[PDB]
Amino acid sequence: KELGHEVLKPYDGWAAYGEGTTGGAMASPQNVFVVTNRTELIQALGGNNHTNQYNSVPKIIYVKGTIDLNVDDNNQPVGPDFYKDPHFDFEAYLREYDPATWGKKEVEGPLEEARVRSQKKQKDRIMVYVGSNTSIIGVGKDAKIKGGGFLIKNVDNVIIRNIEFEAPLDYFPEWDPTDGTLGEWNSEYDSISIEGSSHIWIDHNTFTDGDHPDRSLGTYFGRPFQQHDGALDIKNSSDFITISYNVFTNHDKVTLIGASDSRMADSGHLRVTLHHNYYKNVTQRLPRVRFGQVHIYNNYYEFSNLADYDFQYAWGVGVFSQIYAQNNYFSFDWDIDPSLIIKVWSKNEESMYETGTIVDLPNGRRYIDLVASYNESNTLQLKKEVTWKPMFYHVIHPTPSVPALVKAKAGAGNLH
Ligand SMILES: [Ca+2]
């Protein structure tokens, strides 16, 4: 059958739970589309971006070529001027809220309100809603999505495959003087944002900041102008998700699973499986987890100290997380302290299981206990123990075979 007819294997990750994930595989021939631009994409998804989220009709959408979501209704590229509120001016915003004169007071006033409206206009245009029972599949080796992202909100049964996503740029990042000690700029757009949705399969896609690395975005208020956000974020009670054979490269914050320490509504959810993904020269959240039983296996993480993106940490152990990591392979071209690979964000002794981890450093290649490594050099301890046993997987490859396999098969254009 067609590529759009392919569905998630019976035991391939949490997304296989119950009836599994079939996306728009059962779509009628009249509901199989080929799109080449923003308008055609929104039309194939329903005809109206906002209400498209309620379109649960089985549908297959093939993405051919490059689709820039940062375009007007005539599909012509637009710049910040197109979105800019009449009461907003970047320079004026810089002068008004610089930490050196505004301090750490809550950002407010006409300029901020104007920034919010400008941001909303871009958001309403570049974040494409995806309805239930949808399969968005890239054609060939050059299917690309840029300037925007997919919003998988309050829907179920969605498949996204074979597409190269260039992370969307937020033209009106919010300045938060209290984010950290020095404050930080924060953006809203992700290439794929999964919110309150279940049974989602993200497979063989490539995520990159591409032609717009953070390094080229500049600095304001003495802080990097972070116009990017997540590559693939999962939050607000989303559940049963499988992230496989994807490439995540040249990006800062990759994958968030659970966005709040206090959202108890996430408890019992956020069950995600991530396997055979290629993380190359990314900074953090690979992934960062809160509440979920997240299965992480056969992933290849590769970092070079020459990369534009520094490395902070890979596995974020958040509140009530239940990470179960198996046979992941890490490669660094510098003698990094392996205790830095795991980072914990909690007030309690969290539990996680980890086994078969290999670290490949200039001083040697070997199996390593990352949890033990973390504990030896940190304060708050992490307990290595089995609290649950992953059942949704067909095969777990031996760790030394991971690099060759992932490098060869992960990412857009590497199927068939
Ligand atoms: Ca996000």
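One-based numbering along the sequence shown. Whatever order the structure lists ligands and atoms in, that order sets their numbers, starting from 1. Computed over heavy atoms, backbone and side chain alike; hydrogens, waters and symmetry mates excluded.
Not counting sequence neighbours, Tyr97 has no partner by the side-chain hydrogen bond (donor to acceptor under 3.5 Å, both in side chains) test. Qualifying side-chain contact (heavy atoms from CB on, under 4.5 Å) partners for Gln53, counting only residues two or more places apart in sequence or in other chains: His50, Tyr129. Shown here are the side-chain contact (heavy atoms from CB on, under 4.5 Å) partners of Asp266, two or more places apart in sequence or in another chain: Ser237, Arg263, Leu270, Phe291.
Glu166 has its side chain within reach of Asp211: a pair of non-hydrogen atoms, C-beta onward, lies under 4.5 Å apart.
Taking the six-membered ring where the residue is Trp, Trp185 and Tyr220 present perpendicular rings, their angle passing 60° and hence far from 30°.
Sorted by chain and number, the protein atoms of type N, O or S within less than 3.0 Å of the Ca ion (ligand 1) are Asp190 OD1, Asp190 OD2, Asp229 OD2, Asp233 OD2.
The pair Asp369-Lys384 counts as a salt bridge, with a side-chain nitrogen and a carboxylate oxygen less than 4.0 angstrom apart.
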